[PDB]
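Considered here are two forms of the same protein chain, supplied as structure tokens in two stand-alone entries, structure 1 and structure 2.
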Structure 1
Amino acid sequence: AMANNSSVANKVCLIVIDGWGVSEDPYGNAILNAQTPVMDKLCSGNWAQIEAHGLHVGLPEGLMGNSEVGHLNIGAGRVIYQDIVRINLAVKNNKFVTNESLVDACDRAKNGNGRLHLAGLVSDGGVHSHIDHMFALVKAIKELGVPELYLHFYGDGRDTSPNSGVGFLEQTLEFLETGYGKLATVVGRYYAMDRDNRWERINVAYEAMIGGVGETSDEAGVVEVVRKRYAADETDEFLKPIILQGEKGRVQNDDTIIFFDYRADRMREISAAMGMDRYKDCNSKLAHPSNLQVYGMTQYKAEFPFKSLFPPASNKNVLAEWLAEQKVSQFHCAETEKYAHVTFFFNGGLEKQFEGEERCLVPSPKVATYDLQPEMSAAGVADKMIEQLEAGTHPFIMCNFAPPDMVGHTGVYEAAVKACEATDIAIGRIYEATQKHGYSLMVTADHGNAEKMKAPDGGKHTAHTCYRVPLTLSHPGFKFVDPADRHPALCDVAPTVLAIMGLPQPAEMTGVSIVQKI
């Protein structure tokens, strides 16, 4: 128990059903078709339906939700953005020109020797990078007034077929006359983007960038150089270096460099060769430049000192942390299959247990597949939550219910039906104890699943869905309201909890409470 447990206005019990979405279509919908009298009552009158997929939860548009994202967003009281979504939003919304690390890098160049470099995979493959990110960067760098910009083009031959490079090269050249920036290197990813510690490969790109070791060319003719490579059966992935500009186009002493790939695994070696001691591993006859600073689109290794344009989200003052800071104790409970989700992920994506936080794990059943015991261990989770309600120790308690997602993944419709009936029973037992012991009950889900067990052709559908999830509230003194500018979403669950409890909301929660007092 924590010192301020008494100051709380309302004690709250939060049930996160796993894989329970709202769909009015009955075909293969195990939730609609199950006997679910408890949720039928809670999901009536004052209840909301909130988004748990796509950009509402920080995922690419149209992509289904999942347990890790779902619990992260539920616990955070804000949208947790996947890296790609963050960068594409920055491009769409012209946010690079005020990006803290990009501004820092351009200030560095401006107060120094004026020289900046851009390096990465240049194609529309979208696995490691996108040319659109490089274009957005060039435009921002120009607007920020950097004197000299050079581009190092790593040719793509795996994510964009082996003969498209000549087109991305032509596109880049045409782009640059913008009227700003100069192409300095072309080399295949086989050399620049090795991830198997074959530093003799890395050395070709390192020497190309530092020393101009390669075939000399200029903007005029560079496409013909590449065509000559194609005719000799040397494709994009494997292009040996082509050198444009002269020493001025090389990565020199005091220069600043930005890698624009957002996937770390194939950038660790080249970035480390430029900005740390791995140049020693290259065995280059060239001298390593002094006083370089390297920036990455994202964090490539925690051990690296490089600043990142989009570093890992700090995720400060998630609900669990804020309650501890407010001196309010809490309880998190799940069975084994979702135990990590209510702990590691619910608490912001890190291994941390906060002062006053008590955790409880219920063993999952030992069966080959969960359709053989569709009720799983929902009953035992219910037992532990009822025990906490009778104690009354913790003003905020929460649990996860596993059956709908885990049985949903089997594709067995009748098993999913039994799973939803057992889950509804457990919810009813918790609800009756909340009403006897003075807790307000909120039921949600992290994403849907069991409401869609059949594909259109009548076969199994074993995946999560994009349907909305419920949000219920037993307290009669509140009414659900929508946000001003967007649909309600999981980021709004935690702000709302705090409102009911009568606690302050931290600035870091950019979600909003979606209830009003009445």
Structure 2
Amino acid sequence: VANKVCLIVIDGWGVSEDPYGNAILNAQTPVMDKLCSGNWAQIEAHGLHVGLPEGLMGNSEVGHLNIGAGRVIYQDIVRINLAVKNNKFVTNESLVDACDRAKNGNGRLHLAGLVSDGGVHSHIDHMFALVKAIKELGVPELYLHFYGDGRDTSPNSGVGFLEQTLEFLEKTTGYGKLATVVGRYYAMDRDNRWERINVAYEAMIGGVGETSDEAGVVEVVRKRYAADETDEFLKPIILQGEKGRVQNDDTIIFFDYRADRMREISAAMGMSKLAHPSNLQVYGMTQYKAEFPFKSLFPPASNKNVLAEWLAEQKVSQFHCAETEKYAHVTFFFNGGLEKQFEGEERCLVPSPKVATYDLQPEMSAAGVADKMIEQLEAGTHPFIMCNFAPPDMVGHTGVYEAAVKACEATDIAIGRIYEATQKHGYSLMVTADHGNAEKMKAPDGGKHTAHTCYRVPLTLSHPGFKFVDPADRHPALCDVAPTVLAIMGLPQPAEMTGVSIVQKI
């Protein structure tokens, strides 16, 4: 190790020149006023920069995940939307596997999921992309099982998604058949009400429901609407007869990317007085349960060699410290979104104060976090140490402006104490944040702003031997923090960290 490094992650501290309701600017913050000058950077922590949809604010779990990982981890929605945009379903490994199984087997494949543009559990565009790719892959026979929404979309929008689907299958692809329509109340239960699931299950396997066809099914639904039965509660409609049922040896893909409401129906298929079809293989758009044998079209990012893992692999010990409210953020999320502790990794939990709301004690336990970090700097055992400072975010969420000011003052004090100890004991200090919050405490109306923001966050560096630079093709972002730490420490960067170091050694 060339340089020992102390990384401070402030929680909810963004960079805003807009002074109204700006608890950071208006707080006495003389330490960060100095660290955020000269050689410092401002990096992105929201939206596509951290793998979230464009325009979406950051948060603690995304932010610590990206900081710790040294790469953008793409949230399911973005990841699948990119695959659609770039025509990547046709080479998706698991889709090719599902299609090869059908082509080498009985030729029959099924798609099943929530058919709307709600985007909470699914999107109709993803189902359309799947049909196009399955057609291109040469699957002989494809059936669709349409789960009516009415919850993430309006209760009488389903007939519009049904018209879109029928027209798409008939005239755009000329391939694939609608086999079932049933409300999400039945198909997508998550409360172990198996009498609800069974309605959808028997429709899919046994054709239990109202018989219809392409010419009549929209009118069936309109009659349901007129009887005050809306999308979420549609009782089953059965098309194509027995051909369209899930039968022995069939293959099925569920295209929802939200696991909680897919666990029951997918388990019923993959593991009532009807005979259960045998030798089914089930695929999910994403992982629904690690305990399931199902392949996923978009399995979890493997997240090999996040910073904590990599330091342990290089035989470098490390320290992670937070107070209670952010302890999961510097452990579970920082380490890649799982509960794993690495060889040589020491953890430190500072108790948060026992108060009804944190605006009552806005300094929370920042002083105690600083005390523990200073102790580690004095010992010098760990070449990498990091902490989180909770107050700006947690007091920010109360909406109380003057409390947020005091939170930022207490955080600045704590940062200065750590800074002075890094200079005495030979560590370089880098200060960053996981997203903004306290720089925007008031809405334009004067009312409270209790949410995260889309502002950039600081990245500071006390070592005078390096200069900040920008990436060639994009703004710097949280994915660049761990690469930059490793460069300052003189350590190698793993290939899996596709973020870049944004310093150059002088």
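Think of the rigid core as the biggest set of C-alphas that the two forms share within 1.5 Å after superposition. Here, residue number means position along structure 1's sequence, counting from 1.
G211 lies in the same rigid part as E170 when the motion between the two structures is split into two rigid parts. Rigid-body analysis of C-alpha superpositions between the two structures gives a rotation of the smaller part of 13 degrees. In this core superposition, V91 moves its Cα by 1.9 Å between the two structures. Core-superposed comparison between the two structures: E247 shows a Cα shift of 8.2 Å. Once the core is aligned between the two structures, the alpha carbon position of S123 differs by 3.7 Å; this is the C-alpha shift at that site.
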